[PDB]
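This is upload-v7.csv (CSV, C-alpha atoms and all ligand atoms).
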```
chain,number,residue,atom,x,y,z
N,40,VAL,CA,-19.1,56.9,45.0
N,41,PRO,CA,-15.6,55.9,43.6
N,42,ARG,CA,-15.5,53.7,40.5
N,43,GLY,CA,-13.0,51.9,38.3
N,44,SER,CA,-11.0,49.8,40.9
N,45,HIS,CA,-11.8,46.1,39.7
N,46,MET,CA,-13.1,46.3,36.1
N,47,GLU,CA,-16.6,47.2,37.3
N,48,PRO,CA,-18.9,49.4,35.1
N,49,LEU,CA,-17.8,53.1,35.5
N,50,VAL,CA,-21.5,54.2,35.2
N,51,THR,CA,-24.7,52.3,35.6
N,52,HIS,CA,-27.5,55.0,35.3
N,53,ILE,CA,-27.0,55.1,31.5
N,54,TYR,CA,-25.5,52.6,29.0
N,55,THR,CA,-22.2,53.7,27.6
N,56,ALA,CA,-19.8,52.5,24.8
N,57,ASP,CA,-16.8,53.2,22.7
N,58,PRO,CA,-14.9,55.2,25.3
N,59,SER,CA,-12.4,57.9,24.1
N,60,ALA,CA,-10.4,59.0,27.1
N,61,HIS,CA,-8.3,62.2,27.3
N,62,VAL,CA,-6.5,64.2,29.9
N,63,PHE,CA,-7.7,67.8,29.8
N,64,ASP,CA,-7.2,70.3,32.7
N,65,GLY,CA,-5.7,67.5,34.8
N,66,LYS,CA,-8.8,65.4,34.7
N,67,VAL,CA,-9.8,62.3,32.6
N,68,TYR,CA,-12.6,63.3,30.2
N,69,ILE,CA,-14.3,60.4,28.5
N,70,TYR,CA,-16.3,60.7,25.2
N,71,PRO,CA,-18.4,57.6,24.8
N,72,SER,CA,-21.5,56.6,22.8
N,73,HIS,CA,-24.7,56.7,24.7
N,74,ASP,CA,-26.5,53.4,24.1
N,75,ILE,CA,-30.3,53.3,24.3
N,76,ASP,CA,-32.7,50.4,24.1
N,77,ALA,CA,-34.3,51.6,20.8
N,78,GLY,CA,-35.7,48.1,19.8
N,79,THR,CA,-34.6,48.8,16.2
N,80,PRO,CA,-34.1,45.8,13.9
N,81,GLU,CA,-30.9,43.9,14.6
N,82,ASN,CA,-28.7,43.2,11.5
N,83,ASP,CA,-25.1,43.0,10.2
N,84,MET,CA,-25.3,46.7,9.1
N,85,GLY,CA,-25.8,47.7,12.8
N,86,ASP,CA,-29.3,49.3,12.6
N,87,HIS,CA,-29.7,48.2,16.3
N,88,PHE,CA,-27.1,50.8,17.3
N,89,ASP,CA,-29.5,53.7,17.2
N,90,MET,CA,-27.9,56.2,19.5
N,91,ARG,CA,-29.2,59.8,19.5
N,92,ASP,CA,-26.9,61.9,21.8
N,93,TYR,CA,-23.6,62.1,23.7
N,94,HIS,CA,-22.9,62.7,27.4
N,95,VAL,CA,-19.3,63.7,28.4
N,96,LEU,CA,-18.0,61.9,31.5
N,97,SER,CA,-15.1,62.9,33.8
N,98,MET,CA,-13.0,61.5,36.6
N,99,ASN,CA,-10.5,63.4,38.8
N,100,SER,CA,-8.8,60.1,39.7
N,101,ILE,CA,-8.8,56.4,38.8
N,102,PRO,CA,-10.6,55.0,40.7
N,103,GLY,CA,-12.8,58.0,41.2
N,104,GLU,CA,-16.3,59.5,41.2
N,105,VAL,CA,-17.6,59.7,37.6
N,106,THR,CA,-19.4,62.9,36.7
N,107,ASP,CA,-22.0,62.9,34.0
N,108,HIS,CA,-22.1,66.4,32.4
N,109,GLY,CA,-25.6,65.9,30.8
N,110,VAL,CA,-26.4,66.0,27.1
N,111,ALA,CA,-23.3,67.4,25.2
N,112,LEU,CA,-24.8,67.1,21.7
N,113,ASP,CA,-28.2,65.9,20.5
N,114,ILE,CA,-28.8,64.5,17.0
N,115,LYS,CA,-31.9,66.8,16.6
N,116,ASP,CA,-29.5,69.8,16.6
N,117,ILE,CA,-27.0,68.4,14.1
N,118,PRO,CA,-28.4,69.8,10.8
N,119,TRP,CA,-26.8,67.4,8.4
N,120,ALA,CA,-27.3,64.2,10.4
N,121,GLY,CA,-30.3,61.9,10.1
N,122,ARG,CA,-29.5,59.0,12.4
N,123,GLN,CA,-27.0,56.9,14.4
N,124,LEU,CA,-24.5,58.9,16.6
N,125,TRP,CA,-21.7,56.4,16.7
N,126,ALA,CA,-18.3,56.2,18.4
N,127,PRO,CA,-17.0,59.7,19.0
N,128,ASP,CA,-13.7,61.4,20.0
N,129,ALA,CA,-12.6,64.9,21.2
N,130,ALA,CA,-9.5,67.2,20.9
N,131,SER,CA,-8.3,70.4,22.5
N,132,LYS,CA,-6.5,73.2,20.7
N,133,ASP,CA,-5.9,76.9,21.8
N,134,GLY,CA,-8.6,76.8,24.5
N,135,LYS,CA,-11.3,75.3,22.3
N,136,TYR,CA,-12.6,71.8,22.4
N,137,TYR,CA,-13.8,69.8,19.4
N,138,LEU,CA,-16.1,66.8,19.5
N,139,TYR,CA,-15.7,64.6,16.4
N,140,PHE,CA,-18.6,62.2,15.7
N,141,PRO,CA,-19.8,59.8,13.0
N,142,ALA,CA,-23.4,59.8,11.9
N,143,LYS,CA,-25.5,59.0,8.8
N,144,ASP,CA,-26.4,61.9,6.6
N,145,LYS,CA,-29.8,62.3,5.0
N,146,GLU,CA,-28.7,59.9,2.1
N,147,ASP,CA,-27.8,57.1,4.6
N,148,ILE,CA,-24.1,57.7,4.2
N,149,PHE,CA,-21.8,57.8,7.2
N,150,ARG,CA,-19.8,61.0,7.5
N,151,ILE,CA,-17.8,62.6,10.3
N,152,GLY,CA,-18.7,66.0,11.7
N,153,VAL,CA,-17.3,68.3,14.4
N,154,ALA,CA,-18.9,70.3,17.2
N,155,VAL,CA,-17.2,73.1,19.1
N,156,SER,CA,-17.1,74.2,22.8
N,157,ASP,CA,-15.1,76.3,25.2
N,158,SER,CA,-15.1,73.5,27.8
N,159,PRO,CA,-14.0,69.8,27.7
N,160,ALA,CA,-17.4,69.0,29.3
N,161,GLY,CA,-19.3,70.7,26.5
N,162,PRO,CA,-22.0,71.3,25.5
N,163,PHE,CA,-20.9,71.5,21.8
N,164,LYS,CA,-22.3,73.4,18.8
N,165,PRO,CA,-22.2,71.3,15.7
N,166,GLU,CA,-21.0,72.6,12.3
N,167,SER,CA,-23.9,72.7,9.8
N,168,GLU,CA,-22.2,70.2,7.4
N,169,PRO,CA,-19.9,67.2,8.0
N,170,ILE,CA,-16.1,67.4,7.4
N,171,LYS,CA,-15.5,67.7,3.7
N,172,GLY,CA,-14.0,64.5,2.3
N,173,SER,CA,-14.9,62.5,5.4
N,174,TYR,CA,-16.8,59.2,5.3
N,175,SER,CA,-17.3,56.1,7.4
N,176,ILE,CA,-17.0,56.0,11.1
N,177,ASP,CA,-15.1,55.9,14.4
N,178,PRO,CA,-12.8,58.9,14.4
N,179,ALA,CA,-9.8,59.2,16.6
N,180,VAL,CA,-8.1,62.6,16.6
N,181,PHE,CA,-4.5,62.3,17.8
N,182,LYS,CA,-2.2,65.1,18.9
N,183,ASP,CA,1.4,64.4,18.1
N,184,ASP,CA,4.2,65.8,20.2
N,185,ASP,CA,5.1,68.3,17.4
N,186,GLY,CA,1.6,69.9,17.7
N,187,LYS,CA,0.2,68.3,14.5
N,188,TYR,CA,-3.3,66.7,14.8
N,189,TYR,CA,-4.4,63.7,12.8
N,190,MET,CA,-7.8,62.1,12.4
N,191,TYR,CA,-7.7,58.3,12.1
N,192,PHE,CA,-11.1,56.8,10.9
N,193,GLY,CA,-13.0,54.0,9.2
N,194,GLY,CA,-15.0,50.9,9.8
N,195,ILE,CA,-16.0,48.1,7.4
N,196,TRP,CA,-19.3,46.2,7.2
N,197,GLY,CA,-21.9,48.6,8.7
N,198,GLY,CA,-19.3,51.4,8.8
N,199,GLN,CA,-19.3,51.5,5.0
N,200,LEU,CA,-15.5,51.9,4.5
N,201,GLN,CA,-15.6,49.2,1.8
N,202,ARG,CA,-17.8,51.4,-0.3
N,203,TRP,CA,-15.1,54.2,-0.5
N,204,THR,CA,-12.3,53.2,-2.9
N,205,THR,CA,-12.8,55.7,-5.7
N,206,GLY,CA,-13.5,58.9,-3.8
N,207,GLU,CA,-17.3,58.3,-4.4
N,208,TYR,CA,-19.8,56.3,-2.4
N,209,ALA,CA,-20.3,52.9,-4.2
N,210,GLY,CA,-24.0,52.8,-3.2
N,211,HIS,CA,-26.6,51.1,-1.1
N,212,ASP,CA,-26.3,47.9,-3.2
N,213,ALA,CA,-22.5,47.7,-2.9
N,214,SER,CA,-20.5,45.4,-0.6
N,215,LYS,CA,-22.0,44.9,2.9
N,216,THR,CA,-18.6,43.6,4.2
N,217,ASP,CA,-15.2,44.2,2.6
N,218,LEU,CA,-13.4,43.9,-0.8
N,219,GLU,CA,-14.5,40.3,-1.1
N,220,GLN,CA,-11.0,39.3,-2.2
N,221,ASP,CA,-9.4,37.5,0.7
N,222,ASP,CA,-6.0,37.1,-1.0
N,223,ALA,CA,-5.7,40.8,-1.6
N,224,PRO,CA,-4.5,43.2,1.1
N,225,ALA,CA,-7.2,44.0,3.7
N,226,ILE,CA,-8.8,47.4,3.7
N,227,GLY,CA,-6.8,49.8,5.9
N,228,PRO,CA,-8.0,52.6,8.1
N,229,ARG,CA,-7.9,56.2,7.0
N,230,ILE,CA,-5.8,59.2,8.1
N,231,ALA,CA,-5.7,62.9,7.4
N,232,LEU,CA,-3.7,65.8,9.0
N,233,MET,CA,-6.2,68.2,10.4
N,234,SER,CA,-6.4,71.9,9.4
N,235,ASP,CA,-5.2,74.6,11.8
N,236,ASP,CA,-8.8,75.4,12.7
N,237,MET,CA,-9.7,71.8,13.4
N,238,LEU,CA,-12.8,71.9,11.2
N,239,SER,CA,-11.4,70.3,8.0
N,240,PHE,CA,-8.7,68.0,6.6
N,241,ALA,CA,-5.4,69.6,5.5
N,242,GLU,CA,-4.6,67.0,2.8
N,243,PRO,CA,-6.2,64.3,0.7
N,244,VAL,CA,-7.2,61.3,2.9
N,245,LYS,CA,-4.6,58.5,2.9
N,246,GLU,CA,-5.0,54.8,3.6
N,247,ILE,CA,-2.8,53.2,6.3
N,248,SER,CA,-0.9,50.0,5.4
N,249,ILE,CA,-0.8,47.3,8.1
N,250,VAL,CA,1.7,44.5,7.6
N,251,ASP,CA,2.8,41.3,9.3
N,252,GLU,CA,6.1,40.7,11.0
N,253,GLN,CA,7.7,39.8,7.6
N,254,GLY,CA,6.4,43.0,5.9
N,255,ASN,CA,3.6,41.3,4.0
N,256,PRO,CA,0.3,43.1,3.9
N,257,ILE,CA,-2.4,41.7,6.2
N,258,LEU,CA,-4.8,40.0,3.9
N,259,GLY,CA,-8.6,40.4,3.6
N,260,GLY,CA,-9.1,36.7,4.7
N,261,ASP,CA,-7.0,37.2,7.9
N,262,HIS,CA,-9.9,38.2,10.2
N,263,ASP,CA,-7.9,37.7,13.4
N,264,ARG,CA,-5.6,40.5,12.5
N,265,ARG,CA,-7.1,42.8,9.8
N,266,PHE,CA,-8.7,46.2,10.5
N,267,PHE,CA,-12.4,46.3,11.2
N,268,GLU,CA,-13.2,49.4,13.2
N,269,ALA,CA,-12.3,51.5,16.3
N,270,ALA,CA,-8.9,52.9,15.3
N,271,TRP,CA,-6.9,54.6,18.0
N,272,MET,CA,-3.4,56.1,18.0
N,273,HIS,CA,-1.0,56.6,21.0
N,274,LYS,CA,2.7,57.2,21.2
N,275,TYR,CA,5.1,55.5,23.6
N,276,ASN,CA,8.9,56.0,23.8
N,277,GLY,CA,9.1,57.3,20.2
N,278,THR,CA,6.9,54.5,18.6
N,279,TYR,CA,3.4,55.0,17.2
N,280,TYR,CA,0.8,52.5,18.2
N,281,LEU,CA,-2.2,51.9,15.9
N,282,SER,CA,-4.8,49.9,17.8
N,283,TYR,CA,-8.1,48.7,16.5
N,284,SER,CA,-11.0,46.2,16.7
N,285,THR,CA,-11.0,43.2,14.4
N,286,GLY,CA,-14.8,43.0,14.5
N,287,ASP,CA,-16.1,39.5,13.8
N,288,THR,CA,-13.1,38.0,15.6
N,289,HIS,CA,-13.7,40.4,18.6
N,290,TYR,CA,-10.1,41.5,19.5
N,291,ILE,CA,-8.5,44.8,20.1
N,292,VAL,CA,-5.1,44.4,18.5
N,293,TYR,CA,-2.1,46.7,17.9
N,294,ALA,CA,0.5,47.4,15.3
N,295,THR,CA,3.6,49.7,15.6
N,296,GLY,CA,5.3,52.2,13.3
N,297,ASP,CA,7.7,55.1,13.2
N,298,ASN,CA,5.4,57.9,12.0
N,299,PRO,CA,1.7,58.8,12.0
N,300,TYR,CA,1.0,57.4,8.5
N,301,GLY,CA,2.7,54.0,9.0
N,302,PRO,CA,3.1,51.4,7.7
N,303,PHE,CA,2.3,49.6,11.0
N,304,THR,CA,3.6,46.1,11.8
N,305,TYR,CA,1.1,43.9,13.5
N,306,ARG,CA,2.3,43.0,17.0
N,307,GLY,CA,-0.4,41.3,19.0
N,308,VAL,CA,-3.6,41.4,21.1
N,309,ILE,CA,-4.4,44.3,23.5
N,310,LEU,CA,-7.8,43.0,24.7
N,311,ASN,CA,-9.4,39.6,24.3
N,312,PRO,CA,-13.1,39.3,23.5
N,313,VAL,CA,-15.6,40.7,25.9
N,314,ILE,CA,-19.3,40.0,26.7
N,315,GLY,CA,-21.3,41.2,23.7
N,316,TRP,CA,-20.3,41.4,20.0
N,317,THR,CA,-18.4,44.7,19.8
N,318,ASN,CA,-15.1,45.6,21.3
N,319,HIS,CA,-14.0,49.2,21.5
N,320,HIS,CA,-11.4,51.1,23.4
N,321,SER,CA,-9.0,53.9,24.0
N,322,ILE,CA,-5.5,54.0,25.6
N,323,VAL,CA,-4.4,57.0,27.7
N,324,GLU,CA,-1.6,58.1,30.1
N,325,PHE,CA,-2.8,59.7,33.3
N,326,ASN,CA,-0.6,60.5,36.3
N,327,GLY,CA,2.2,58.4,34.7
N,328,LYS,CA,0.1,55.3,34.4
N,329,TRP,CA,-1.3,53.9,31.2
N,330,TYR,CA,-5.0,52.9,31.1
N,331,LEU,CA,-7.2,50.9,28.7
N,332,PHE,CA,-10.8,52.1,28.6
N,333,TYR,CA,-13.1,49.6,27.0
N,334,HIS,CA,-16.7,48.3,27.2
N,335,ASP,CA,-18.8,45.2,27.4
N,336,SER,CA,-22.5,44.1,27.6
N,337,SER,CA,-22.3,42.9,31.2
N,338,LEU,CA,-24.6,45.4,32.8
N,339,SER,CA,-27.4,44.7,30.3
N,340,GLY,CA,-27.1,40.9,30.8
N,341,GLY,CA,-25.4,40.4,27.4
N,342,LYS,CA,-27.3,42.7,25.0
N,343,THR,CA,-24.8,43.7,22.2
N,344,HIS,CA,-26.4,47.2,21.8
N,345,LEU,CA,-26.6,48.1,25.6
N,346,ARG,CA,-23.0,48.4,26.8
N,347,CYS,CA,-21.1,49.8,29.8
N,348,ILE,CA,-17.6,51.3,29.8
N,349,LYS,CA,-14.8,49.9,32.1
N,350,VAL,CA,-11.2,50.7,32.7
N,351,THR,CA,-8.0,48.7,33.6
N,352,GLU,CA,-4.3,49.4,33.8
N,353,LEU,CA,-2.3,48.7,30.6
N,354,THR,CA,1.4,47.7,30.8
N,355,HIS,CA,4.0,48.5,28.1
N,356,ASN,CA,7.3,46.7,28.4
N,357,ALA,CA,10.4,48.7,27.7
N,358,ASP,CA,10.8,46.9,24.4
N,359,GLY,CA,7.6,48.4,23.1
N,360,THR,CA,5.4,45.3,23.5
N,361,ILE,CA,2.1,45.5,25.5
N,362,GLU,CA,0.8,42.8,27.8
N,363,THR,CA,-2.4,41.3,26.6
N,364,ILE,CA,-5.4,41.9,28.8
N,365,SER,CA,-8.1,39.2,29.2
N,366,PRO,CA,-11.2,40.9,30.6
N,367,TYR,CA,-12.6,38.3,33.1
N,368,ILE,CA,-9.5,36.7,34.7
N,369,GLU,CA,-8.6,38.7,37.8
C,401,LIG,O1,-32.7,54.1,1.3
C,401,LIG,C1,-33.0,54.0,2.7
C,401,LIG,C2,-32.5,55.3,3.4
C,401,LIG,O2,-33.3,56.5,3.1
C,401,LIG,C3,-32.4,55.2,4.9
C,401,LIG,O3,-31.5,56.3,5.3
C,401,LIG,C4,-32.0,57.2,6.3
C,401,LIG,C5,-32.9,58.2,5.8
C,401,LIG,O4,-33.3,59.1,6.8
C,401,LIG,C6,-32.2,59.9,7.3
C,401,LIG,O5,-32.7,60.8,8.3
C,401,LIG,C7,-31.1,59.0,7.9
C,401,LIG,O6,-29.9,59.7,8.1
C,401,LIG,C8,-30.7,57.9,6.9
C,401,LIG,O7,-29.8,56.9,7.5
C,401,LIG,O8,-31.8,54.0,5.4
C,401,LIG,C9,-32.5,52.9,4.9
C,401,LIG,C10,-32.4,52.8,3.4
C,401,LIG,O9,-33.1,51.6,2.8
C,402,LIG,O1,-20.7,48.5,11.5
C,402,LIG,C1,-20.7,47.4,12.5
C,402,LIG,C2,-21.7,46.3,12.2
C,402,LIG,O2,-21.4,45.7,10.9
C,402,LIG,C3,-21.6,45.2,13.2
C,402,LIG,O3,-22.6,44.3,12.9
C,402,LIG,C4,-22.5,43.0,13.6
C,402,LIG,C5,-22.1,41.9,12.6
C,402,LIG,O4,-22.2,40.6,13.2
C,402,LIG,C6,-23.5,40.4,13.9
C,402,LIG,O5,-23.5,39.0,14.4
C,402,LIG,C7,-23.7,41.3,15.0
C,402,LIG,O6,-25.0,41.0,15.6
C,402,LIG,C8,-23.7,42.8,14.4
C,402,LIG,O7,-23.8,43.7,15.6
C,402,LIG,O8,-21.9,45.8,14.5
C,402,LIG,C9,-20.9,46.8,14.9
C,402,LIG,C10,-20.9,47.9,13.9
C,402,LIG,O9,-20.0,48.9,14.2
C,403,LIG,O1,-19.3,53.1,15.9
C,403,LIG,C1,-19.3,52.1,17.0
C,403,LIG,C2,-18.6,50.8,16.5
C,403,LIG,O2,-17.2,50.9,16.7
C,403,LIG,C3,-19.1,49.6,17.3
C,403,LIG,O3,-18.7,49.6,18.7
C,403,LIG,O4,-20.5,49.5,17.1
C,403,LIG,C4,-21.3,50.6,16.7
C,403,LIG,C5,-20.8,51.9,17.4
C,403,LIG,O5,-20.9,51.7,18.8
C,404,LIG,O1,2.8,36.7,10.7
C,404,LIG,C1,3.6,36.2,9.6
C,404,LIG,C2,2.6,35.5,8.6
C,404,LIG,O2,1.7,36.4,8.2
C,404,LIG,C3,3.4,34.8,7.5
C,404,LIG,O3,2.5,34.1,6.6
C,404,LIG,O4,4.4,33.9,8.0
C,404,LIG,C4,5.3,34.6,8.9
C,404,LIG,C5,4.6,35.2,10.1
C,404,LIG,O5,5.5,35.8,11.0
C,405,CA,CA,-13.0,55.3,19.0
C,406,NA,NA,0.4,39.4,23.8
```

Whole structure, structure tokens version:
Amino acid sequence: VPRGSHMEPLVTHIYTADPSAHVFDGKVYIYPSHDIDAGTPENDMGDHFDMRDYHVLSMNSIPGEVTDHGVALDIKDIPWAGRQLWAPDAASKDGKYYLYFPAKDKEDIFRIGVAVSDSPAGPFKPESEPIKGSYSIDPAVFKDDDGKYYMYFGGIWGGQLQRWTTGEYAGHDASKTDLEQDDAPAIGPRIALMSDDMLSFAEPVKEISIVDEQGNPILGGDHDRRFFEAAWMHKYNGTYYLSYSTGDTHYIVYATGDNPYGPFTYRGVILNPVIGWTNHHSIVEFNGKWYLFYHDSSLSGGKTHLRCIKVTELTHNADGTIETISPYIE
């Protein structure tokens, strides 16, 4: 049956989260996390998010029937990965499809790996090792209009980004949150140009600067605006839009810049807080309309780790601003 007309769950037979939506072959393909009721201990490092595989979803229209293409990748087949298949993304280049995924390696360190298919629906064969120089979580692989592909990534707290300032992992006993210096600039998300073959980074990883409207860095203490997780990049009318989750303040916000690397100027809220702790999204143009894919914990009766993806129309104004969406109003 058709789904996605009035912010209802897109699928109900499985729990789904962290939707990355793309238009491939004239269809919407969605690459979400597959939540399961693992019953794992709940804590601020996210051990309760104990996902083990990915299913690719697709829609021919919005609203439309949602097709579940089965298991696209299983953690047991990823040689380097020990646990926790977190928020993924996909990209398409030269008739190959690449699934990018964060997972903990055997030393309990989040890394980002790639898996390869000849179809947007998968299934995907994982590379034996993670991407060299990757770390932390929540990849978004963005194809610019010039044909260059960039990976945006990172997440603080359980995502471990705060343990990666020196090019070496700071360790299990290092900060569980951030820099713990609230008057210093907040930690920024990471970016790297992708290699031609889409399996590696083409440059040393860079940090993205996010600034306020006056050009001042967003500070570590500014939890309403500072980067937490779920980076996403889209382009509209020549402007680059870095959107992301603020985590403990539960917003999707956005910041604008003139190139992939920023700096990005904080503009405002994309999505207000949902049911359940996490907030995670993507923004995609399909048939000349823009859509916000997101999730909440409505289907599970409010369990933070059992989510369902949803979609709604997103409105850009011609001045580049985006209308804030509140999830439970209309
Ligand atoms: O030190 C402990 C780690 O060993 C543990 O990390 C897990 C080990 O098994 C691997 O298969 C997983 O990838 C990895 O996360 O986490 C708990 C910590 O106390
Ligand atoms: O890495 C992130 C975790 O740090 C995050 O943990 C949340 C912190 O606040 C607690 O009240 C929540 O229960 C807990 O989920 O979860 C999201 C994950 O990406
Ligand atoms: O990596 C994902 C993160 O962005 C958040 O949503 O919680 C854990 C995962 O779902
Ligand atoms: O957002 C800006 C704020 O960070 C600064 O402190 O005062 C001016 C505001 O526009
Ligand atoms: Ca994402
Ligand atoms: Na707004």

Quick one: everything within 7 Å of range 67-76 of chain N, counting all atoms listed in the file, minus sequence neighbours fewer than 5 positions away in the same chain. Send it as number ranges by chain. N: 54-62, 90, 92-99, 125-129, 344-346

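When all atoms listed in the file are used to measure the gap to residue 49 in chain N, the shortest distance among N:77, N:105, N:269, N:247 belongs to N:105.
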
Do you know which residues are at most 7 Å from range 288-304 of chain N counting all atoms listed in the file, after dropping those on the same chain fewer than 3 positions away, and could you put them as a VMD selection string? chain N and resid 247 to 252 262 to 263 278 to 285 307 to 312 316 to 318

Residue contacts of range 169-184 of chain N (8 Å, only C-alpha atoms) excluding same-chain residues fewer than 4 positions away, as a PyMOL selection string: chain N and resi 119+125-130+139-142+148-153+188-194+198-200+203+238-240+243-244+268-274

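Comparing N:217, N:362, N:113, N:157 by their smallest distance to ligand LIG 402 (chain C), the closest is N:217 (using only C-alpha atoms and all ligand atoms).
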
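Taking only C-alpha atoms, the non-local environment of range 325-337 of chain N within 6 Å (same-chain residues fewer than 6 positions away omitted) comprises residues 56, 313, 314, 315, 319, 343, 346, 347, 348, 349, 350, 351, 352 and 353 of chain N.
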
For the selection just defined, write its residues with C-alpha atoms to a file, as a short mmCIF file (atom, residue, chain, number, x, y, z; two decimals), keeping the file's coordinate frame.
```
data_model
loop_
_atom_site.label_atom_id
_atom_site.label_comp_id
_atom_site.auth_asym_id
_atom_site.auth_seq_id
_atom_site.Cartn_x
_atom_site.Cartn_y
_atom_site.Cartn_z
CA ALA N 56 -19.80 52.50 24.80
CA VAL N 313 -15.60 40.70 25.90
CA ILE N 314 -19.30 40.00 26.70
CA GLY N 315 -21.30 41.20 23.70
CA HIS N 319 -14.00 49.20 21.50
CA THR N 343 -24.80 43.70 22.20
CA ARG N 346 -23.00 48.40 26.80
CA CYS N 347 -21.10 49.80 29.80
CA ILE N 348 -17.60 51.30 29.80
CA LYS N 349 -14.80 49.90 32.10
CA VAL N 350 -11.20 50.70 32.70
CA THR N 351 -8.00 48.70 33.60
CA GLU N 352 -4.30 49.40 33.80
CA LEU N 353 -2.30 48.70 30.60
#
```

Within 6 Å of ligand LIG 402 (chain C), counting only C-alpha atoms and all ligand atoms: which residues, as a list in words? residues 82, 83, 84, 85, 196, 197, 198 and 317 of chain N

Can you pull out every residue with an atom within 9 Å of ligand LIG 404 (chain C)? Use all atoms listed in the file and format it as a PDB file with C-alpha atoms, in the coordinates of the input.
```pdb
ATOM      1  CA  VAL N 250       1.700  44.500   7.600  1.00  0.00           C
ATOM      2  CA  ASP N 251       2.800  41.300   9.300  1.00  0.00           C
ATOM      3  CA  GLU N 252       6.100  40.700  11.000  1.00  0.00           C
ATOM      4  CA  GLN N 253       7.700  39.800   7.600  1.00  0.00           C
ATOM      5  CA  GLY N 254       6.400  43.000   5.900  1.00  0.00           C
ATOM      6  CA  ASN N 255       3.600  41.300   4.000  1.00  0.00           C
ATOM      7  CA  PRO N 256       0.300  43.100   3.900  1.00  0.00           C
ATOM      8  CA  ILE N 257      -2.400  41.700   6.200  1.00  0.00           C
ATOM      9  CA  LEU N 258      -4.800  40.000   3.900  1.00  0.00           C
ATOM     10  CA  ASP N 261      -7.000  37.200   7.900  1.00  0.00           C
ATOM     11  CA  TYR N 305       1.100  43.900  13.500  1.00  0.00           C
ATOM     12  CA  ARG N 306       2.300  43.000  17.000  1.00  0.00           C
TER      13      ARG N 306
END
```

To one decimal in Å, tell me the separation between atom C4 of ligand LIG 401 (chain C) and CA of residue 214 in chain N. 17.9 Å

Nearest residue to residue 229 in chain N from the set N:209, N:50, N:120, N:195 (distances using only C-alpha atoms): N:195

Would you mind listing the residues within 7 Å of ligand LIG 401 (chain C), counting only C-alpha atoms and all ligand atoms, as a count of residues only? 9

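Minimum atom-to-atom distances from N:133, N:66, N:156, N:161 to residue 109 in chain N were compared using all atoms listed in the file, and the lowest value belongs to N:161.
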
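In terms of minimum interatomic distance to ligand CA 405 (chain C), N:138 ranks closest within N:163, N:222, N:138, N:103, counting only C-alpha atoms and all ligand atoms.
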
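In this comparison, which uses all atoms listed in the file, the residue of N:322, N:357, N:212, N:363 approaching ligand CA 405 (chain C) most closely is N:322.
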
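Rounded to one decimal, atom CA of ligand CA 405 (chain C) and CA of residue 321 in chain N lie 6.6 Å from each other.
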
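The space between CA of residue 89 in chain N and CA of residue 342 in chain N spans 13.7 Å.
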
Residue 259 in chain N: which residues within 10 Å, counting all atoms listed in the file, same-chain residues fewer than 6 positions away excluded, as a PyMOL selection string? chain N and resi 217-227+265-266

The selected residues should be written to file as a JSON list (two decimals), in the coordinates of the input (atoms: C-alpha atoms).
```json
[["chain", "number", "residue", "atom", "x", "y", "z"],
["N", 217, "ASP", "CA", -15.20, 44.20, 2.60],
["N", 218, "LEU", "CA", -13.40, 43.90, -0.80],
["N", 219, "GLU", "CA", -14.50, 40.30, -1.10],
["N", 220, "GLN", "CA", -11.00, 39.30, -2.20],
["N", 221, "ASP", "CA", -9.40, 37.50, 0.70],
["N", 222, "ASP", "CA", -6.00, 37.10, -1.00],
["N", 223, "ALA", "CA", -5.70, 40.80, -1.60],
["N", 224, "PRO", "CA", -4.50, 43.20, 1.10],
["N", 225, "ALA", "CA", -7.20, 44.00, 3.70],
["N", 226, "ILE", "CA", -8.80, 47.40, 3.70],
["N", 227, "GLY", "CA", -6.80, 49.80, 5.90],
["N", 265, "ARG", "CA", -7.10, 42.80, 9.80],
["N", 266, "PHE", "CA", -8.70, 46.20, 10.50]]
```
